[PDB]
Amino acid sequence: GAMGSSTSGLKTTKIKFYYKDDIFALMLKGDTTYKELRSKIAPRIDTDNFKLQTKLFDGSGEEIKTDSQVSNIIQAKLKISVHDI
């Protein structure tokens with residue numbers, strides 16, 4: 001353990017997405033990007049056009065749309081919400 005980084009952001013981040021009434025979970029090793037997540041949810045959505053946000057509590061939050069928003073939901077483990085678009 002501990003060797004210059006050793007999983008800087010703890011281990012894989014567990015992020016539960018909320019596509020419609022169904023929900024799943026993704027494990028980001030820290031490199032997951034916004035486009036990588038897009039190809040990781042597309043098949044878990046059943047569509048190629050969807051939107052991801054920082055599932056807060058009322059409905060959704062920051063609409064993840066950049067490798068930083070995802071790596072942020074990765075360092076903060078934010079529930080993600082998926083909508084069909």
# chains A, B, ... in the order shown; residues from 1 in each chain; ligands from 1
$ residues_around --residues "residue A:68" --least-positions-apart "5" --cutoff "12 Å" --atoms "only C-alpha atoms" --output "PDB file with N, CA, C and O atoms, in the first residue's frame"
ATOM      1  N   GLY A  30     -10.901   5.435 -11.621  1.00  0.00           N
ATOM      2  CA  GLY A  30     -10.249   6.770 -11.500  1.00  0.00           C
ATOM      3  C   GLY A  30      -9.928   7.310 -12.894  1.00  0.00           C
ATOM      4  O   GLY A  30      -9.688   8.487 -13.075  1.00  0.00           O
ATOM      5  N   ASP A  31      -9.921   6.458 -13.884  1.00  0.00           N
ATOM      6  CA  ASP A  31      -9.614   6.922 -15.265  1.00  0.00           C
ATOM      7  C   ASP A  31     -10.916   7.090 -16.049  1.00  0.00           C
ATOM      8  O   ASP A  31     -10.957   7.751 -17.068  1.00  0.00           O
ATOM      9  N   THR A  32     -11.981   6.495 -15.585  1.00  0.00           N
ATOM     10  CA  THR A  32     -13.280   6.620 -16.306  1.00  0.00           C
ATOM     11  C   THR A  32     -13.486   8.070 -16.746  1.00  0.00           C
ATOM     12  O   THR A  32     -13.335   8.991 -15.968  1.00  0.00           O
ATOM     13  N   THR A  33     -13.833   8.279 -17.985  1.00  0.00           N
ATOM     14  CA  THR A  33     -14.049   9.671 -18.472  1.00  0.00           C
ATOM     15  C   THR A  33     -15.544   9.908 -18.660  1.00  0.00           C
ATOM     16  O   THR A  33     -16.360   9.068 -18.336  1.00  0.00           O
ATOM     17  N   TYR A  34     -15.911  11.034 -19.201  1.00  0.00           N
ATOM     18  CA  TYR A  34     -17.354  11.303 -19.431  1.00  0.00           C
ATOM     19  C   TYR A  34     -17.786  10.506 -20.656  1.00  0.00           C
ATOM     20  O   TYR A  34     -18.872   9.963 -20.712  1.00  0.00           O
ATOM     21  N   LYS A  35     -16.926  10.416 -21.634  1.00  0.00           N
ATOM     22  CA  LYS A  35     -17.264   9.633 -22.852  1.00  0.00           C
ATOM     23  C   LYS A  35     -17.171   8.147 -22.506  1.00  0.00           C
ATOM     24  O   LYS A  35     -17.972   7.346 -22.946  1.00  0.00           O
ATOM     25  N   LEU A  37     -17.812   6.792 -19.681  1.00  0.00           N
ATOM     26  CA  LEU A  37     -19.061   6.525 -18.934  1.00  0.00           C
ATOM     27  C   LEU A  37     -20.213   6.446 -19.939  1.00  0.00           C
ATOM     28  O   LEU A  37     -21.091   5.611 -19.846  1.00  0.00           O
ATOM     29  N   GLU A  62     -25.858  18.622 -10.993  1.00  0.00           N
ATOM     30  CA  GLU A  62     -24.944  18.993 -12.110  1.00  0.00           C
ATOM     31  C   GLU A  62     -25.033  17.937 -13.213  1.00  0.00           C
ATOM     32  O   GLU A  62     -24.753  16.774 -12.997  1.00  0.00           O
ATOM     33  N   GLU A  63     -25.424  18.331 -14.393  1.00  0.00           N
ATOM     34  CA  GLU A  63     -25.534  17.349 -15.508  1.00  0.00           C
ATOM     35  C   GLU A  63     -24.133  16.938 -15.969  1.00  0.00           C
ATOM     36  O   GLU A  63     -23.540  17.571 -16.819  1.00  0.00           O
ATOM     37  N   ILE A  73     -17.789  13.103  -9.739  1.00  0.00           N
ATOM     38  CA  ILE A  73     -18.787  12.170  -9.175  1.00  0.00           C
ATOM     39  C   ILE A  73     -18.018  10.909  -8.761  1.00  0.00           C
ATOM     40  O   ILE A  73     -18.497  10.067  -8.028  1.00  0.00           O
ATOM     41  N   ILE A  74     -16.803  10.807  -9.236  1.00  0.00           N
ATOM     42  CA  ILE A  74     -15.924   9.651  -8.919  1.00  0.00           C
ATOM     43  C   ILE A  74     -15.211   9.907  -7.589  1.00  0.00           C
ATOM     44  O   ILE A  74     -15.063   9.025  -6.766  1.00  0.00           O
ATOM     45  N   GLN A  75     -14.755  11.113  -7.389  1.00  0.00           N
ATOM     46  CA  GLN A  75     -14.034  11.453  -6.132  1.00  0.00           C
ATOM     47  C   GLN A  75     -15.040  11.744  -5.026  1.00  0.00           C
ATOM     48  O   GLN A  75     -14.715  11.755  -3.855  1.00  0.00           O
ATOM     49  N   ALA A  76     -16.256  11.997  -5.396  1.00  0.00           N
ATOM     50  CA  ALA A  76     -17.298  12.309  -4.383  1.00  0.00           C
ATOM     51  C   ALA A  76     -18.378  11.226  -4.395  1.00  0.00           C
ATOM     52  O   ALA A  76     -19.329  11.275  -3.640  1.00  0.00           O
TER      53      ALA A  76
END
$ residues_around --residues "residue A:78" --least-positions-apart "6" --cutoff "9 Å" --atoms "only C-alpha atoms" --output "PyMOL selection string"
chain A and resi 14-17+54-56+72
$ closest_residue --among "A:38, A:83, A:44, A:77" --to "residue A:60" --atoms "only C-alpha atoms"
A:83
$ atom_distance --atom1 "atom CA of residue A:8" --atom2 "atom CA of residue A:52"
24.2 Å
$ residues_around --residues "residue A:85" --least-positions-apart "6" --cutoff "9 Å" --atoms "only C-alpha atoms" --output "count of residues only"
5
$ residues_around --residues "residue A:20" --least-positions-apart "5" --cutoff "10 Å" --atoms "only C-alpha atoms" --output "list in words"
residues 45, 81, 82, 83 and 84 of chain A
$ write_last_selection --atoms "N, CA and C atoms" --output "CSV table (one decimal), in the first residue's frame"
chain,number,residue,atom,x,y,z
A,45,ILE,N,-28.5,1.4,-20.8
A,45,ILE,CA,-29.7,2.2,-21.0
A,45,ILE,C,-30.6,1.6,-22.0
A,81,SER,N,-28.1,10.3,-12.3
A,81,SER,CA,-29.5,10.1,-12.8
A,81,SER,C,-29.4,10.0,-14.3
A,82,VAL,N,-30.0,9.0,-14.9
A,82,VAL,CA,-30.0,8.9,-16.4
A,82,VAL,C,-31.4,9.1,-17.0
A,83,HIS,N,-31.4,10.0,-17.9
A,83,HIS,CA,-32.8,10.3,-18.6
A,83,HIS,C,-32.6,9.9,-20.1
A,84,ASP,N,-33.8,9.7,-20.7
A,84,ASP,CA,-33.7,9.3,-22.2
A,84,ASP,C,-33.8,10.6,-23.0
$ select_by_dssp --residues "chain A" --states "alpha helix (DSSP H)" --output "JSON, numbers by chain"
{"A": [34, 35, 36, 37, 38, 39, 40, 41, 42, 43, 44, 45, 67, 68, 69, 70, 71, 72, 73, 74, 75]}
$ closest_residue --among "A:13, A:71, A:53, A:7" --to "residue A:25" --atoms "only C-alpha atoms"
A:13
$ atom_distance --atom1 "atom CA of residue A:12" --atom2 "atom CA of residue A:27"
4.9 Å
$ atom_distance --atom1 "atom CA of residue A:28" --atom2 "atom CA of residue A:43"
16.4 Å
$ closest_residue --among "A:67, A:4, A:40, A:26" --to "residue A:80" --atoms "only C-alpha atoms"
A:26
$ select_by_dssp --residues "chain A" --states "strand (DSSP E)" --output "number ranges by chain"
A: 13-19, 24-28, 50-54, 80-84
$ write_last_selection --atoms "N, CA and C atoms" --output "PDB file, in the first residue's frame"
ATOM      1  N   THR A  13     -14.886   3.682  -7.606  1.00  0.00           N
ATOM      2  CA  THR A  13     -15.999   4.476  -7.016  1.00  0.00           C
ATOM      3  C   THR A  13     -17.337   3.846  -7.404  1.00  0.00           C
ATOM      4  N   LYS A  14     -18.176   3.578  -6.439  1.00  0.00           N
ATOM      5  CA  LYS A  14     -19.499   2.966  -6.744  1.00  0.00           C
ATOM      6  C   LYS A  14     -20.518   4.075  -7.003  1.00  0.00           C
ATOM      7  N   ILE A  15     -20.934   4.233  -8.227  1.00  0.00           N
ATOM      8  CA  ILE A  15     -21.917   5.305  -8.547  1.00  0.00           C
ATOM      9  C   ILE A  15     -23.218   4.679  -9.053  1.00  0.00           C
ATOM     10  N   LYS A  16     -24.280   4.804  -8.304  1.00  0.00           N
ATOM     11  CA  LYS A  16     -25.574   4.212  -8.746  1.00  0.00           C
ATOM     12  C   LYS A  16     -26.280   5.169  -9.705  1.00  0.00           C
ATOM     13  N   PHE A  17     -26.434   4.778 -10.937  1.00  0.00           N
ATOM     14  CA  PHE A  17     -27.129   5.659 -11.912  1.00  0.00           C
ATOM     15  C   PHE A  17     -28.637   5.482 -11.740  1.00  0.00           C
ATOM     16  N   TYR A  18     -29.433   6.381 -12.251  1.00  0.00           N
ATOM     17  CA  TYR A  18     -30.901   6.223 -12.085  1.00  0.00           C
ATOM     18  C   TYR A  18     -31.600   6.393 -13.434  1.00  0.00           C
ATOM     19  N   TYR A  19     -31.468   5.430 -14.304  1.00  0.00           N
ATOM     20  CA  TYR A  19     -32.135   5.534 -15.631  1.00  0.00           C
ATOM     21  C   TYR A  19     -33.623   5.238 -15.467  1.00  0.00           C
ATOM     22  N   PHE A  24     -28.626   1.317 -11.876  1.00  0.00           N
ATOM     23  CA  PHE A  24     -27.480   0.370 -11.945  1.00  0.00           C
ATOM     24  C   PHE A  24     -26.292   0.985 -11.206  1.00  0.00           C
ATOM     25  N   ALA A  25     -25.122   0.430 -11.354  1.00  0.00           N
ATOM     26  CA  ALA A  25     -23.946   1.000 -10.639  1.00  0.00           C
ATOM     27  C   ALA A  25     -22.689   0.852 -11.496  1.00  0.00           C
ATOM     28  N   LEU A  26     -21.823   1.829 -11.457  1.00  0.00           N
ATOM     29  CA  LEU A  26     -20.572   1.751 -12.260  1.00  0.00           C
ATOM     30  C   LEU A  26     -19.368   1.879 -11.330  1.00  0.00           C
ATOM     31  N   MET A  27     -18.314   1.165 -11.609  1.00  0.00           N
ATOM     32  CA  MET A  27     -17.106   1.258 -10.745  1.00  0.00           C
ATOM     33  C   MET A  27     -16.000   1.974 -11.519  1.00  0.00           C
ATOM     34  N   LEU A  28     -15.724   3.201 -11.174  1.00  0.00           N
ATOM     35  CA  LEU A  28     -14.666   3.959 -11.898  1.00  0.00           C
ATOM     36  C   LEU A  28     -13.312   3.741 -11.222  1.00  0.00           C
ATOM     37  N   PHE A  50     -28.730   9.647 -24.062  1.00  0.00           N
ATOM     38  CA  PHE A  50     -29.271   9.782 -22.680  1.00  0.00           C
ATOM     39  C   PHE A  50     -28.515  10.902 -21.961  1.00  0.00           C
ATOM     40  N   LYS A  51     -28.974  11.305 -20.809  1.00  0.00           N
ATOM     41  CA  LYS A  51     -28.264  12.394 -20.071  1.00  0.00           C
ATOM     42  C   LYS A  51     -27.926  11.922 -18.656  1.00  0.00           C
ATOM     43  N   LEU A  52     -26.791  12.319 -18.143  1.00  0.00           N
ATOM     44  CA  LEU A  52     -26.403  11.890 -16.772  1.00  0.00           C
ATOM     45  C   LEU A  52     -26.233  13.118 -15.873  1.00  0.00           C
ATOM     46  N   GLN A  53     -26.787  13.086 -14.690  1.00  0.00           N
ATOM     47  CA  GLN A  53     -26.640  14.252 -13.767  1.00  0.00           C
ATOM     48  C   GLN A  53     -26.219  13.755 -12.383  1.00  0.00           C
ATOM     49  N   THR A  54     -25.903  14.650 -11.488  1.00  0.00           N
ATOM     50  CA  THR A  54     -25.493  14.217 -10.122  1.00  0.00           C
ATOM     51  C   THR A  54     -26.744  13.986  -9.275  1.00  0.00           C
ATOM     52  N   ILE A  80     -25.844   8.961  -9.781  1.00  0.00           N
ATOM     53  CA  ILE A  80     -26.085   9.611 -11.096  1.00  0.00           C
ATOM     54  C   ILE A  80     -27.511   9.349 -11.570  1.00  0.00           C
ATOM     55  N   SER A  81     -28.090  10.287 -12.266  1.00  0.00           N
ATOM     56  CA  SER A  81     -29.470  10.088 -12.779  1.00  0.00           C
ATOM     57  C   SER A  81     -29.406  10.005 -14.303  1.00  0.00           C
ATOM     58  N   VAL A  82     -30.041   9.025 -14.881  1.00  0.00           N
ATOM     59  CA  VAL A  82     -29.988   8.881 -16.361  1.00  0.00           C
ATOM     60  C   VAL A  82     -31.370   9.120 -16.971  1.00  0.00           C
ATOM     61  N   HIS A  83     -31.447   9.997 -17.931  1.00  0.00           N
ATOM     62  CA  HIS A  83     -32.753  10.274 -18.590  1.00  0.00           C
ATOM     63  C   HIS A  83     -32.649   9.896 -20.066  1.00  0.00           C
ATOM     64  N   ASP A  84     -33.756   9.666 -20.713  1.00  0.00           N
ATOM     65  CA  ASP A  84     -33.703   9.303 -22.153  1.00  0.00           C
ATOM     66  C   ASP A  84     -33.811  10.577 -22.989  1.00  0.00           C
TER      67      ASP A  84
END
$ decode --residues "chain A" --atoms "C-alpha atoms" --output "compact mmCIF listing (two decimals), in the first residue's frame"
# COMPACT_ATOMS: atom_id res chain seq x y z
CA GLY A 1 0.00 0.00 0.00
CA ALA A 2 0.85 3.65 -0.51
CA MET A 3 3.40 3.94 -3.35
CA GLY A 4 3.34 7.38 -5.00
CA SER A 5 -0.44 7.07 -5.44
CA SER A 6 -1.84 3.55 -4.89
CA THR A 7 -5.37 4.30 -6.15
CA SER A 8 -5.37 8.06 -5.48
CA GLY A 9 -9.19 8.13 -5.34
CA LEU A 10 -9.65 5.20 -2.91
CA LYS A 11 -10.79 2.07 -4.81
CA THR A 12 -13.32 1.83 -7.66
CA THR A 13 -16.00 4.48 -7.02
CA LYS A 14 -19.50 2.97 -6.74
CA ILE A 15 -21.92 5.30 -8.55
CA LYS A 16 -25.57 4.21 -8.75
CA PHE A 17 -27.13 5.66 -11.91
CA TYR A 18 -30.90 6.22 -12.09
CA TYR A 19 -32.13 5.53 -15.63
CA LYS A 20 -35.92 5.98 -15.52
CA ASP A 21 -37.30 3.71 -12.75
CA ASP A 22 -34.34 1.33 -13.17
CA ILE A 23 -30.94 1.92 -11.52
CA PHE A 24 -27.48 0.37 -11.95
CA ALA A 25 -23.95 1.00 -10.64
CA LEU A 26 -20.57 1.75 -12.26
CA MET A 27 -17.11 1.26 -10.75
CA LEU A 28 -14.67 3.96 -11.90
CA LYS A 29 -11.00 3.02 -11.35
CA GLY A 30 -10.25 6.77 -11.50
CA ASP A 31 -9.61 6.92 -15.26
CA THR A 32 -13.28 6.62 -16.31
CA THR A 33 -14.05 9.67 -18.47
CA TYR A 34 -17.35 11.30 -19.43
CA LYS A 35 -17.26 9.63 -22.85
CA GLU A 36 -16.09 6.34 -21.30
CA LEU A 37 -19.06 6.52 -18.93
CA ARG A 38 -21.27 7.33 -21.94
CA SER A 39 -20.27 4.04 -23.61
CA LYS A 40 -20.64 2.27 -20.24
CA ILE A 41 -24.24 3.49 -19.76
CA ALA A 42 -25.48 3.43 -23.38
CA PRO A 43 -25.70 -0.38 -23.25
CA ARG A 44 -27.05 -0.21 -19.69
CA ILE A 45 -29.71 2.25 -20.95
CA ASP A 46 -30.86 0.40 -24.08
CA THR A 47 -30.36 3.62 -26.08
CA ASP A 48 -27.49 5.72 -27.46
CA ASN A 49 -28.87 9.13 -26.42
CA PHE A 50 -29.27 9.78 -22.68
CA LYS A 51 -28.26 12.39 -20.07
CA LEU A 52 -26.40 11.89 -16.77
CA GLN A 53 -26.64 14.25 -13.77
CA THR A 54 -25.49 14.22 -10.12
CA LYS A 55 -28.58 12.51 -8.65
CA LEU A 56 -29.22 14.79 -5.65
CA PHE A 57 -32.65 14.16 -4.06
CA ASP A 58 -35.33 16.22 -5.83
CA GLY A 59 -34.54 14.89 -9.33
CA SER A 60 -30.97 15.53 -10.52
CA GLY A 61 -27.96 17.84 -10.06
CA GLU A 62 -24.94 18.99 -12.11
CA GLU A 63 -25.53 17.35 -15.51
CA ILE A 64 -22.24 15.43 -15.82
CA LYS A 65 -20.96 16.32 -19.31
CA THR A 66 -17.15 16.35 -19.01
CA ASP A 67 -14.40 13.96 -17.86
CA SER A 68 -14.15 16.33 -14.88
CA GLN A 69 -17.83 16.12 -13.86
CA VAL A 70 -17.52 12.32 -13.94
CA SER A 71 -14.15 12.20 -12.15
CA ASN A 72 -15.86 14.53 -9.67
CA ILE A 73 -18.79 12.17 -9.17
CA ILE A 74 -15.92 9.65 -8.92
CA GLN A 75 -14.03 11.45 -6.13
CA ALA A 76 -17.30 12.31 -4.38
CA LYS A 77 -19.27 9.17 -5.32
CA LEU A 78 -22.45 10.92 -6.47
CA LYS A 79 -25.62 9.00 -7.37
CA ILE A 80 -26.08 9.61 -11.10
CA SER A 81 -29.47 10.09 -12.78
CA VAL A 82 -29.99 8.88 -16.36
CA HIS A 83 -32.75 10.27 -18.59
CA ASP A 84 -33.70 9.30 -22.15
CA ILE A 85 -32.98 11.97 -24.79
